[PDB]
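Q: Just passing along the structure, written as structure tokens.
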Amino acid sequence: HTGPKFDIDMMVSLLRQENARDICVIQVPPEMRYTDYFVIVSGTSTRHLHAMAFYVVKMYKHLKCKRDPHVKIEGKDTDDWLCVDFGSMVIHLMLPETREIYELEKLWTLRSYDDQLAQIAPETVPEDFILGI
Amino acid sequence: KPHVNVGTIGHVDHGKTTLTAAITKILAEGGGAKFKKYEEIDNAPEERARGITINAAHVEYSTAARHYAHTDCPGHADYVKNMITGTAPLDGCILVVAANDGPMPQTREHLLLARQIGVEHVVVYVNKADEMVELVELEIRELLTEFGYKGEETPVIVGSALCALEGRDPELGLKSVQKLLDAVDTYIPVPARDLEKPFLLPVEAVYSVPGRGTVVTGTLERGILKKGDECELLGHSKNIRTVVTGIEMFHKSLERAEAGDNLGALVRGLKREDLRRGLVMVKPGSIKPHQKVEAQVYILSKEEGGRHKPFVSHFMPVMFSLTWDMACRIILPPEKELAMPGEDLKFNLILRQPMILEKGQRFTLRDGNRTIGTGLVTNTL
Amino acid sequence: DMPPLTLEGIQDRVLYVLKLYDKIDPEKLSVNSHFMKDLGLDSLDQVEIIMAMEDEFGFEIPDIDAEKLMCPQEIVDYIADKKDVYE
Amino acid sequence: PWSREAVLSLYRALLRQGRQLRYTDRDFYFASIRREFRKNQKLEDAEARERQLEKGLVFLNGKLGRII
Amino acid sequence: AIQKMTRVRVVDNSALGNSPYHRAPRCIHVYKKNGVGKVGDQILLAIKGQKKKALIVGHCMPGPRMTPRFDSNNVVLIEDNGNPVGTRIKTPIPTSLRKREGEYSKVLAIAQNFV
Amino acid sequence: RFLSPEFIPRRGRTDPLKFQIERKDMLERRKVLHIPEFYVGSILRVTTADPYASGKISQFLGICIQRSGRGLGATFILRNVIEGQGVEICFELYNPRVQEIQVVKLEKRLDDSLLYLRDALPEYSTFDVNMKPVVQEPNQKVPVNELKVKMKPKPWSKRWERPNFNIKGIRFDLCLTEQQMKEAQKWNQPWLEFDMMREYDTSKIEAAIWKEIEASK
Ligand SMILES: Nc1nc2c(ncn2[C@@H]2O[C@H](COP(=O)(O)OP(=O)(O)O)[C@@H](O)[C@H]2O)c(=O)[nH]1
Ligand SMILES: *P(=O)(O)OCC(C)(C)[C@@H](O)C(=O)NCCC(=O)NCCS
Ligand SMILES: [Mg+2]
Ligand SMILES: [Mg+2]
């Protein structure tokens, strides 16, 4: 049981040996009440993504503390996007296609200041509440 | 106080753990180091790394002459895993033989793998002696000759492990452990440390800056990096001659590199397309890739999570060494039909492409996302 | 360590880094042609070039002057301030 | 932009941080910052240049999230 | 509680949700043993002459104490796969969505505000 | 003196011992976490531990709209419009999960409940998430906001115009008509002001609670 713990340095190196295409590991501050560390990794094919996700979870259980809760992989039915949540780490397995459309790194580095939030504007009801054509 | 690692080795019920308890017990009288209970040593703490679970008992005893670290294992299957993986490498070893049993073909494997761990200095102890004792002693010298040791200079000490632990025989039990203490202080008590060997760098990352060139990062284990050194990169049938320009540590320029440090090698006049992970950084003419390799691989038991069905020759697992991944083919040695789980034996495994494999290069064999074997290179053919 | 800062040797190492760059090729590259116009490089492109000079000689380039450095000849003159070459 | 200096300063400063990267793939980080500064720029109005610069400035700070 | 024939609000940057239309989106079906749907539950939508699956994210009916209570019925459009069609969630989502059983991680990933 | 609403018990057939038990438990918790004097109009920022995360800290700011419950389970509800979404959270006072309660702006409104703020215009419930606390001298009368609020169109969550709600903080003139007002008057119940056995005096009760509290400290 005793030895290596579950943390970024071990987890990333663990990913890299399965030919992780790109890795973005993001430190999340405590005010954003989600996780300590956000991770995005890309893949070559759909079956390659399953390979990685399933290795990571398998290795997790090996080094897992007894009281450390068990984890669930998400989106096995999905083609392009797979996600696994740990205690204080969150990982997203994607094609390059879905990276181009989600821009998860941009959202989490700069929150309210991203381009995607700028295009969309809040809709307000008119004064006296009368619509005109 | 110089500190080295030394570990017990031998057949089951040869009083290995009793000696381990005894050697710390006598030192407790003097108050040299912290001692553990015999029953405490019986229960080995669990160590988990690289998908391999091991019950290794570690006891720390400091003799007056030098500091020592000691390792104990409950089982033979536990013993082999420790030394093949080399989680805690041992400079010396103690071979323990029972008076009633002495040498046994099972104990042979213990000394046979000792050739592969690069240890050629051993200590023999005889226990359970409560002229027949002297009869078994001569075969041990002959046994060590077979492996490649010279049997004559090996120290063989008469005593009883239980006598030493209970302190009932000062002339037998006590005199034995002090003789063992003196024998280890005679044979390889001082550690071996040199950096004369050419440096090997498995490339962890390939990093390119325009107007700077490719930076390749790796952890040192042998050798020292210097600037302006003409160097060779080899791997995946790609061999190119180039020169080191800069070395990077803590994002600073440094002339000299040290083992156990992750250094960033700067190279010029090369393309990022050619330079990928899986490449190895060495001096030219030093080493060459070996396609066919002899190695002793421990096949994992069903208990840990190894596969239930034993494999036949021409089986194709996945070979993992350094930073490179490749699949291979295992041909089983003759007289054997299949290789059952929980049993370790030497193989001739053949890689798809010629890839570098040297002596003492630890590896794990895999099938997709599952581990079936861990092994160490015995010979390059 | 003291390297001999020969003006000719300075020129060689300056053109060495420019041929290392992807955008510009040695065919149209010359000692006297400037980056922005002649070699057809953007302002952001320039920033990377000066970084190449930054780590090579190991002396800091302030952002105030980095702007005016738009020519290889300007550079070989600028780095001549580091160690005065006459010849 | 707000200042022609400020944008070139920002492009410089960001790439300096890229050297200090530990876990994140450094080739991708550089590629991602390059293309951002390319396709967005060369075509903008005066008012939105105040916003896009600020977006980069909070990237520099990394207060809300820092890539490592 | 969002049941059959309930008007909902699509809180996404998705084109389908934010498109101007004569009908508000209606809850066709609730994927629960009993018809009532609380937060985290999946429901089927009739928008713009098509059926679409959606995740309930906050509602007007009071819940457990420290859990937030919204003033509109907010849903996020999702594919059958589980992939959200939209890219961003402007509106805050409750944090409770995390610990609940199912595929919530992706939606959390694209959300900005937690309340 | 100010006694927290929770301490004064409702009319019941509950034995006094049950209240004594609960009071002791409440008072212990008050020592650990300072409970500020706040009113229904006041603005509060509450910091809590977030169980859905690994002990990360959540703060929420909003205007109090109601304060209810008795004993340990006593509660209050905070309202606020976050970036174009109305949010209401009910908080337990004696929940161990809560880290800190601060009074950002201590004021009373005209009426004791503000649930009508849902039907009021959005801006009346929109409060800045990051605002500086504004403090007054200790021996000052608790300030009252005499704001009346403009409303949305007449379909409301409840019929506020009816005298049972007795809302004094709504600009009725703006939204309603005279005939609607006289229609609402049909539900007046004028005897109810003078019903003598309907009243609940807490004078002696509060006195005994004070005696317990001064003993505690
Ligand atoms: N008579 C005698 N018995 C011994 C001695 N050392 C160990 N034993 C016996 O060996 C048994 C324990 O074996 P153990 O040391 O656990 O085996 P190992 O750990 O596999 O070497 C006990 O039942 C002891 O009686 C000895 O010096 N003399
Ligand atoms: P350089 O000479 O290629 O040009 C500098 C510039 C591209 C950074 C910029 O000043 C420019 O010419 N275009 C302004 C449009 C723009 O997006 N401004 C930068 C805001 S981040
Ligand atoms: Mg033993
Ligand atoms: Mg209603």
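By convention in this document, the chains of the structure tokens carry letters A, B, ... by their order, each chain's residues are numbered from 1, and ligands are numbered from 1 in the order they are shown.
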Tell me as a CSV table (one decimal) with N, CA, C and O atoms, in the first residue's frame which residues belonging to chain F come within 6 Å of chain E, counting only C-alpha atoms.
A:
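Okay, out.csv is ready:
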chain,number,residue,atom,x,y,z
F,86,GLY,N,-32.1,34.7,-10.5
F,86,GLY,CA,-32.5,34.9,-9.1
F,86,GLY,C,-32.2,33.6,-8.3
F,86,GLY,O,-32.6,32.5,-8.8
F,87,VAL,N,-31.6,33.7,-7.2
F,87,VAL,CA,-31.2,32.5,-6.3
F,87,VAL,C,-31.6,32.8,-4.9
F,87,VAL,O,-31.4,33.9,-4.4
F,88,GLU,N,-32.2,31.8,-4.3
F,88,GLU,CA,-32.6,31.8,-2.9
F,88,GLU,C,-32.0,30.6,-2.2
F,88,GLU,O,-32.1,29.5,-2.7
F,89,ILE,N,-31.3,30.8,-1.0
F,89,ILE,CA,-30.8,29.7,-0.2
F,89,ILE,C,-31.4,29.8,1.2
F,89,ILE,O,-31.3,30.9,1.8
F,90,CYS,N,-31.9,28.7,1.7
F,90,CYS,CA,-32.3,28.7,3.1
F,90,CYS,C,-31.1,28.1,4.0
F,90,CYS,O,-30.6,27.0,3.6
F,91,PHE,N,-30.7,28.8,5.0
F,91,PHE,CA,-29.6,28.5,5.8
F,91,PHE,C,-30.0,28.1,7.2
F,91,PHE,O,-30.8,28.9,7.8
Q: Near residue 30 in chain C, counting only C-alpha atoms, which residues have an atom at most 12 Å away, once you skip same-chain residues fewer than 4 positions from it, shown as a list in words?
A: residues 11, 12, 14, 15, 16, 18, 19, 24, 25, 26, 34, 35, 38, 39, 71, 72 and 73 of chain C
Q: Can you tell me which residues come within 10 Å of ligand 4 when counting only C-alpha atoms and all ligand atoms, ideally as a VMD selection string?
A: (chain E and resid 60 to 61) or (chain F and resid 155 to 158)
Q: Just write the chosen residues, N, CA and C atoms, as a PDB file, in the first residue's frame.
A:
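The resulting file, again13.pdb, is reproduced below:
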ATOM      1  N   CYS E  60     -37.590  25.881  -9.480  1.00  0.00           N
ATOM      2  CA  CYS E  60     -38.286  26.816  -8.611  1.00  0.00           C
ATOM      3  C   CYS E  60     -38.744  26.157  -7.310  1.00  0.00           C
ATOM      4  N   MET E  61     -39.093  24.867  -7.369  1.00  0.00           N
ATOM      5  CA  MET E  61     -39.610  24.166  -6.206  1.00  0.00           C
ATOM      6  C   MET E  61     -38.508  24.087  -5.155  1.00  0.00           C
TER       7      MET E  61
ATOM      8  N   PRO F 155     -50.307  39.260 -12.439  1.00  0.00           N
ATOM      9  CA  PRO F 155     -50.128  37.846 -12.081  1.00  0.00           C
ATOM     10  C   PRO F 155     -48.889  37.658 -11.204  1.00  0.00           C
ATOM     11  N   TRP F 156     -49.135  37.493  -9.896  1.00  0.00           N
ATOM     12  CA  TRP F 156     -48.090  37.390  -8.891  1.00  0.00           C
ATOM     13  C   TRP F 156     -48.129  36.019  -8.225  1.00  0.00           C
ATOM     14  N   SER F 157     -47.027  35.695  -7.535  1.00  0.00           N
ATOM     15  CA  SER F 157     -46.861  34.454  -6.799  1.00  0.00           C
ATOM     16  C   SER F 157     -47.943  34.325  -5.735  1.00  0.00           C
ATOM     17  N   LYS F 158     -48.245  35.436  -5.056  1.00  0.00           N
ATOM     18  CA  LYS F 158     -49.359  35.509  -4.124  1.00  0.00           C
ATOM     19  C   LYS F 158     -50.087  36.834  -4.317  1.00  0.00           C
TER      20      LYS F 158
END
Q: Considering only C-alpha atoms, return as a PyMOL selection string whatever protein or nucleic-acid residues lie within 8 Å of residue 85 in chain C, sequence-local ones (same chain, fewer than 2 positions apart) excluded.
A: chain C and resi 5-7+80+83+87
Q: Could the residues that lie within 10 Å of ligand 1, counting only C-alpha atoms and all ligand atoms, be listed as a compact mmCIF listing (two decimals) with N, CA, C and O atoms, in the first residue's frame?
A:
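For reference, result_6.txt as written:
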# COMPACT_ATOMS: atom_id res chain seq x y z
N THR B 8 19.21 -10.69 3.32
CA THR B 8 19.20 -12.13 3.51
C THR B 8 18.59 -12.81 2.28
O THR B 8 17.79 -12.20 1.57
N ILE B 9 18.99 -14.07 2.05
CA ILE B 9 18.58 -14.85 0.89
C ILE B 9 18.79 -16.33 1.18
O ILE B 9 19.80 -16.72 1.75
N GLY B 10 17.79 -17.15 0.80
CA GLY B 10 17.87 -18.59 0.97
C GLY B 10 16.50 -19.27 0.91
O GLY B 10 15.49 -18.63 0.61
N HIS B 11 16.50 -20.58 1.20
CA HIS B 11 15.32 -21.43 1.20
C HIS B 11 14.44 -21.10 2.40
O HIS B 11 14.92 -20.57 3.41
N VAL B 12 13.14 -21.41 2.27
CA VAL B 12 12.14 -21.24 3.32
C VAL B 12 12.47 -22.18 4.49
O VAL B 12 12.96 -23.29 4.28
N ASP B 13 12.20 -21.70 5.71
CA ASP B 13 12.39 -22.39 6.98
C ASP B 13 13.86 -22.77 7.17
O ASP B 13 14.17 -23.86 7.66
N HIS B 14 14.75 -21.86 6.76
CA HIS B 14 16.18 -21.95 7.00
C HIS B 14 16.59 -20.97 8.09
O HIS B 14 17.78 -20.78 8.34
N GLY B 15 15.59 -20.36 8.74
CA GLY B 15 15.79 -19.44 9.85
C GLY B 15 16.35 -18.09 9.40
O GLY B 15 17.19 -17.51 10.08
N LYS B 16 15.85 -17.59 8.26
CA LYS B 16 16.29 -16.34 7.67
C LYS B 16 15.79 -15.17 8.51
O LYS B 16 16.55 -14.25 8.81
N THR B 17 14.51 -15.23 8.90
CA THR B 17 13.86 -14.16 9.64
C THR B 17 14.32 -14.16 11.10
O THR B 17 14.32 -13.11 11.74
N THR B 18 14.71 -15.34 11.61
CA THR B 18 15.18 -15.49 12.98
C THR B 18 16.54 -14.80 13.14
O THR B 18 16.79 -14.19 14.18
N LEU B 19 17.38 -14.91 12.10
CA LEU B 19 18.68 -14.26 12.03
C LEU B 19 18.50 -12.75 11.92
O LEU B 19 19.22 -12.00 12.58
N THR B 20 17.52 -12.33 11.10
CA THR B 20 17.17 -10.94 10.88
C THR B 20 16.73 -10.30 12.20
O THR B 20 17.08 -9.15 12.48
N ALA B 21 15.97 -11.06 12.99
CA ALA B 21 15.54 -10.66 14.32
C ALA B 21 16.71 -10.66 15.29
O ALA B 21 16.78 -9.82 16.18
N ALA B 22 17.64 -11.61 15.10
CA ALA B 22 18.76 -11.84 16.00
C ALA B 22 19.82 -10.75 15.85
O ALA B 22 20.38 -10.30 16.85
N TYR B 38 10.59 -10.03 16.60
CA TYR B 38 10.64 -11.13 15.65
C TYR B 38 9.29 -11.30 14.95
O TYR B 38 9.24 -11.49 13.74
N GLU B 39 8.21 -11.21 15.74
CA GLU B 39 6.84 -11.35 15.26
C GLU B 39 6.47 -10.16 14.37
O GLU B 39 5.67 -10.31 13.44
N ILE B 41 8.63 -8.56 12.46
CA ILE B 41 9.35 -8.78 11.22
C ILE B 41 8.62 -9.84 10.38
O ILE B 41 8.64 -9.77 9.16
N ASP B 42 7.95 -10.79 11.06
CA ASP B 42 7.16 -11.83 10.43
C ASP B 42 6.08 -11.20 9.54
O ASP B 42 5.85 -11.67 8.43
N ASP B 72 14.07 -8.36 4.22
CA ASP B 72 13.54 -9.70 4.45
C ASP B 72 12.24 -9.87 3.67
O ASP B 72 11.47 -8.92 3.51
N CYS B 73 12.00 -11.10 3.20
CA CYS B 73 10.80 -11.46 2.45
C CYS B 73 10.20 -12.74 3.01
O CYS B 73 10.93 -13.67 3.35
N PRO B 74 8.85 -12.84 3.14
CA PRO B 74 8.19 -14.06 3.61
C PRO B 74 8.29 -15.26 2.67
O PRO B 74 8.43 -16.39 3.13
N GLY B 75 8.23 -15.00 1.35
CA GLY B 75 8.17 -16.05 0.35
C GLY B 75 9.21 -15.88 -0.76
O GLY B 75 9.76 -14.80 -0.95
N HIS B 76 9.45 -16.98 -1.49
CA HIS B 76 10.38 -17.05 -2.60
C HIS B 76 9.87 -16.21 -3.77
O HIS B 76 10.66 -15.51 -4.42
N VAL B 96 21.77 -18.12 3.90
CA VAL B 96 21.49 -18.86 5.13
C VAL B 96 21.08 -20.28 4.76
O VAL B 96 20.19 -20.49 3.94
N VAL B 97 21.76 -21.25 5.38
CA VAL B 97 21.54 -22.67 5.14
C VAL B 97 21.29 -23.38 6.47
O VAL B 97 21.98 -23.12 7.46
N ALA B 98 20.28 -24.26 6.48
CA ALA B 98 19.95 -25.07 7.64
C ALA B 98 20.94 -26.23 7.76
O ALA B 98 21.45 -26.71 6.75
N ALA B 99 21.20 -26.66 9.00
CA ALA B 99 22.11 -27.76 9.29
C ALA B 99 21.55 -29.07 8.73
O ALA B 99 22.32 -29.92 8.28
N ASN B 100 20.22 -29.21 8.76
CA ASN B 100 19.54 -30.44 8.39
C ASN B 100 19.35 -30.52 6.88
O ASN B 100 19.32 -31.62 6.32
N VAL B 126 25.45 -20.73 8.69
CA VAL B 126 24.82 -22.01 9.00
C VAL B 126 24.14 -21.89 10.37
O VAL B 126 24.75 -21.42 11.33
N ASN B 127 22.87 -22.31 10.42
CA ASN B 127 22.06 -22.30 11.63
C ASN B 127 21.55 -23.71 11.92
O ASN B 127 21.84 -24.64 11.16
N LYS B 128 20.79 -23.84 13.02
CA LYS B 128 20.10 -25.05 13.44
C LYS B 128 21.08 -26.14 13.89
O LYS B 128 20.75 -27.32 13.87
N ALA B 129 22.28 -25.71 14.32
CA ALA B 129 23.32 -26.63 14.78
C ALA B 129 23.19 -26.85 16.28
O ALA B 129 24.06 -26.45 17.06
N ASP B 130 22.08 -27.49 16.68
CA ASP B 130 21.82 -27.87 18.06
C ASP B 130 21.59 -29.38 18.13
O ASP B 130 21.83 -29.95 19.22
N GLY B 159 26.87 -21.74 13.90
CA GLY B 159 26.09 -21.16 14.98
C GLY B 159 24.64 -21.61 14.93
O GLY B 159 24.27 -22.48 14.14
N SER B 160 23.82 -21.02 15.81
CA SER B 160 22.38 -21.24 15.85
C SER B 160 21.66 -19.90 15.97
O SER B 160 21.97 -19.10 16.85
N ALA B 161 20.70 -19.68 15.06
CA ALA B 161 19.96 -18.44 14.94
C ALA B 161 19.07 -18.21 16.16
O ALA B 161 18.93 -17.08 16.62
N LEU B 162 18.48 -19.30 16.66
CA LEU B 162 17.60 -19.27 17.82
C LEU B 162 18.41 -19.00 19.08
O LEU B 162 17.96 -18.27 19.96
N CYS B 163 19.63 -19.57 19.13
CA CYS B 163 20.56 -19.41 20.24
C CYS B 163 20.96 -17.94 20.39
O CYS B 163 21.09 -17.45 21.51
N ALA B 164 21.15 -17.26 19.25
CA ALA B 164 21.54 -15.86 19.20
C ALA B 164 20.39 -14.96 19.65
O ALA B 164 20.61 -13.97 20.34
N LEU B 165 19.16 -15.34 19.25
CA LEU B 165 17.96 -14.57 19.53
C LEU B 165 17.61 -14.66 21.02
O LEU B 165 17.25 -13.66 21.63
N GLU B 166 17.74 -15.87 21.58
CA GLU B 166 17.40 -16.14 22.96
C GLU B 166 18.57 -15.79 23.88
O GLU B 166 18.37 -15.60 25.08
N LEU B 172 28.17 -20.03 21.07
CA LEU B 172 27.63 -20.51 19.81
C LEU B 172 26.82 -19.41 19.13
O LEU B 172 27.24 -18.89 18.10
N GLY B 173 25.67 -19.06 19.72
CA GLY B 173 24.73 -18.11 19.16
C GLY B 173 25.34 -16.72 18.99
O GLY B 173 25.25 -16.13 17.91
Q: Neighbouring residues of ligand 2 are defined here as those with any atom at most 8 Å from a ligand atom, counting only C-alpha atoms and all ligand atoms; list them as JSON, numbers by chain.
A: {"C": [36, 41, 42, 43, 44, 45], "D": [1, 2, 3, 4, 7, 8, 37, 38, 40, 41, 42, 43, 44, 45, 48, 49, 50, 52, 53, 56]}
Q: Quick one: which chain C residues come within 10 Å of chain D, and what is the nearest atom pair for each with the distance in Å to one decimal, counting only C-alpha atoms, rows ordered by chain and ascending number, as JSON lines?
A:
{"residue": "C:42", "atom": "CA", "partner": "D:38", "partner_atom": "CA", "distance": 9.7}
{"residue": "C:43", "atom": "CA", "partner": "D:8", "partner_atom": "CA", "distance": 7.8}
{"residue": "C:44", "atom": "CA", "partner": "D:8", "partner_atom": "CA", "distance": 6.6}
{"residue": "C:45", "atom": "CA", "partner": "D:34", "partner_atom": "CA", "distance": 9.6}
{"residue": "C:46", "atom": "CA", "partner": "D:8", "partner_atom": "CA", "distance": 9.4}
{"residue": "C:47", "atom": "CA", "partner": "D:12", "partner_atom": "CA", "distance": 6.4}
{"residue": "C:48", "atom": "CA", "partner": "D:12", "partner_atom": "CA", "distance": 7.9}
{"residue": "C:50", "atom": "CA", "partner": "D:12", "partner_atom": "CA", "distance": 9.7}
{"residue": "C:51", "atom": "CA", "partner": "D:12", "partner_atom": "CA", "distance": 8.4}
{"residue": "C:62", "atom": "CA", "partner": "D:9", "partner_atom": "CA", "distance": 9.9}
{"residue": "C:63", "atom": "CA", "partner": "D:9", "partner_atom": "CA", "distance": 6.7}
{"residue": "C:64", "atom": "CA", "partner": "D:5", "partner_atom": "CA", "distance": 8.0}
{"residue": "C:66", "atom": "CA", "partner": "D:8", "partner_atom": "CA", "distance": 9.6}
{"residue": "C:67", "atom": "CA", "partner": "D:5", "partner_atom": "CA", "distance": 7.9}
Q: Within 12 Å of residue 180 in chain F, counting only C-alpha atoms, which residues qualify if same-chain residues fewer than 3 places away don't, as JSON, numbers by chain?
A: {"F": [154, 159, 160, 161, 162, 172, 173, 175, 176, 177, 183, 184, 185, 186]}
Q: Quick one: residues within 8 Å of range 10-22 of chain E, only C-alpha atoms, excluding same-chain residues fewer than 3 positions away - as a PDB file with N, CA and C atoms, in the first residue's frame?
A:
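Final file, part13.pdb:
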ATOM      1  N   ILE A 120     -22.364  35.824 -26.644  1.00  0.00           N
ATOM      2  CA  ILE A 120     -23.671  35.675 -26.021  1.00  0.00           C
ATOM      3  C   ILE A 120     -23.909  36.841 -25.061  1.00  0.00           C
TER       4      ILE A 120
ATOM      5  N   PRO E  25     -39.844  25.781 -25.102  1.00  0.00           N
ATOM      6  CA  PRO E  25     -39.610  24.336 -25.073  1.00  0.00           C
ATOM      7  C   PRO E  25     -40.422  23.642 -23.983  1.00  0.00           C
ATOM      8  N   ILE E  47     -38.588  20.997 -28.916  1.00  0.00           N
ATOM      9  CA  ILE E  47     -38.191  22.323 -29.355  1.00  0.00           C
ATOM     10  C   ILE E  47     -38.148  22.316 -30.874  1.00  0.00           C
ATOM     11  N   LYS E  48     -38.763  23.339 -31.478  1.00  0.00           N
ATOM     12  CA  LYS E  48     -38.527  23.718 -32.863  1.00  0.00           C
ATOM     13  C   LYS E  48     -38.720  22.525 -33.806  1.00  0.00           C
ATOM     14  N   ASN E  74     -34.279  25.559 -15.436  1.00  0.00           N
ATOM     15  CA  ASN E  74     -33.123  25.603 -16.313  1.00  0.00           C
ATOM     16  C   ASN E  74     -32.710  24.187 -16.696  1.00  0.00           C
ATOM     17  N   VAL E  75     -32.535  23.996 -18.007  1.00  0.00           N
ATOM     18  CA  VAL E  75     -32.140  22.735 -18.611  1.00  0.00           C
ATOM     19  C   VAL E  75     -30.981  23.008 -19.561  1.00  0.00           C
ATOM     20  N   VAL E  76     -30.135  21.991 -19.718  1.00  0.00           N
ATOM     21  CA  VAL E  76     -29.048  22.016 -20.676  1.00  0.00           C
ATOM     22  C   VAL E  76     -29.332  20.934 -21.710  1.00  0.00           C
ATOM     23  N   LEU E  77     -29.263  21.308 -22.989  1.00  0.00           N
ATOM     24  CA  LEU E  77     -29.478  20.369 -24.077  1.00  0.00           C
ATOM     25  C   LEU E  77     -28.280  19.435 -24.189  1.00  0.00           C
ATOM     26  N   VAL E  85     -24.660  19.800 -26.388  1.00  0.00           N
ATOM     27  CA  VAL E  85     -24.651  20.370 -27.727  1.00  0.00           C
ATOM     28  C   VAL E  85     -24.001  21.752 -27.692  1.00  0.00           C
ATOM     29  N   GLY E  86     -24.311  22.516 -26.639  1.00  0.00           N
ATOM     30  CA  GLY E  86     -23.719  23.824 -26.415  1.00  0.00           C
ATOM     31  C   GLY E  86     -22.326  23.710 -25.804  1.00  0.00           C
ATOM     32  N   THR E  87     -21.622  24.846 -25.762  1.00  0.00           N
ATOM     33  CA  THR E  87     -20.234  24.893 -25.338  1.00  0.00           C
ATOM     34  C   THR E  87     -20.104  25.533 -23.957  1.00  0.00           C
ATOM     35  N   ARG E  88     -21.020  26.444 -23.610  1.00  0.00           N
ATOM     36  CA  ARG E  88     -20.869  27.252 -22.410  1.00  0.00           C
ATOM     37  C   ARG E  88     -22.198  27.345 -21.666  1.00  0.00           C
ATOM     38  N   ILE E  89     -22.104  27.445 -20.334  1.00  0.00           N
ATOM     39  CA  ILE E  89     -23.245  27.670 -19.461  1.00  0.00           C
ATOM     40  C   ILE E  89     -22.992  28.961 -18.686  1.00  0.00           C
ATOM     41  N   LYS E  90     -23.716  30.022 -19.070  1.00  0.00           N
ATOM     42  CA  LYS E  90     -23.606  31.356 -18.490  1.00  0.00           C
ATOM     43  C   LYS E  90     -24.144  31.344 -17.057  1.00  0.00           C
ATOM     44  N   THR E  91     -25.361  30.806 -16.917  1.00  0.00           N
ATOM     45  CA  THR E  91     -26.142  30.722 -15.696  1.00  0.00           C
ATOM     46  C   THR E  91     -25.436  29.813 -14.691  1.00  0.00           C
TER      47      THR E  91
END
Q: Mind listing the strand (DSSP E or B) residues of range 94-216 of chain F, per DSSP on the backbone, as a compact mmCIF listing (two decimals) with N, CA, C and O atoms, in the first residue's frame?
A:
# COMPACT_ATOMS: atom_id res chain seq x y z
N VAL F 98 -21.53 25.81 8.36
CA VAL F 98 -21.31 27.24 8.22
C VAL F 98 -20.07 27.66 9.02
O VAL F 98 -19.91 27.26 10.17
N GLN F 99 -19.22 28.47 8.38
CA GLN F 99 -17.93 28.88 8.91
C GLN F 99 -18.06 30.23 9.62
O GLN F 99 -17.60 30.37 10.75
N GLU F 100 -18.68 31.20 8.94
CA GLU F 100 -18.75 32.57 9.42
C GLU F 100 -20.01 33.25 8.88
O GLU F 100 -20.36 33.07 7.71
N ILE F 101 -20.68 34.02 9.75
CA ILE F 101 -21.77 34.90 9.34
C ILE F 101 -21.41 36.34 9.70
O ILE F 101 -21.16 36.65 10.87
N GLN F 102 -21.42 37.21 8.69
CA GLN F 102 -21.16 38.64 8.85
C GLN F 102 -22.37 39.45 8.40
O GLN F 102 -23.04 39.10 7.42
N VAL F 103 -22.64 40.54 9.13
CA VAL F 103 -23.65 41.52 8.77
C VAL F 103 -22.97 42.62 7.95
O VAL F 103 -22.16 43.39 8.46
N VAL F 104 -23.31 42.65 6.66
CA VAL F 104 -22.68 43.59 5.74
C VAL F 104 -23.39 44.93 5.86
O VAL F 104 -22.74 45.98 5.89
N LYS F 105 -24.72 44.88 5.95
CA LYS F 105 -25.55 46.07 6.01
C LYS F 105 -26.78 45.73 6.84
O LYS F 105 -27.65 45.00 6.38
N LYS F 108 -33.63 47.33 8.90
CA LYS F 108 -34.97 46.75 8.84
C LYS F 108 -35.69 47.32 7.62
O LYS F 108 -35.37 48.42 7.15
N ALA F 120 -41.35 41.71 -7.34
CA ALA F 120 -40.85 43.06 -7.53
C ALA F 120 -39.90 43.06 -8.72
O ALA F 120 -39.51 42.00 -9.21
N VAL F 144 -34.15 51.98 9.68
CA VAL F 144 -35.21 51.41 8.87
C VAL F 144 -35.17 52.05 7.48
O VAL F 144 -35.03 53.26 7.36
N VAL F 149 -41.45 49.34 -3.19
CA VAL F 149 -40.87 48.80 -4.40
C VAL F 149 -41.92 48.71 -5.49
O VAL F 149 -43.07 48.35 -5.23
N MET F 151 -43.51 47.08 -8.98
CA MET F 151 -43.88 45.69 -9.18
C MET F 151 -43.86 45.34 -10.67
O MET F 151 -43.76 46.21 -11.52
N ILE F 170 -45.05 48.19 -0.76
CA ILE F 170 -45.32 48.06 -2.18
C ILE F 170 -46.03 49.32 -2.68
O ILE F 170 -46.99 49.78 -2.06
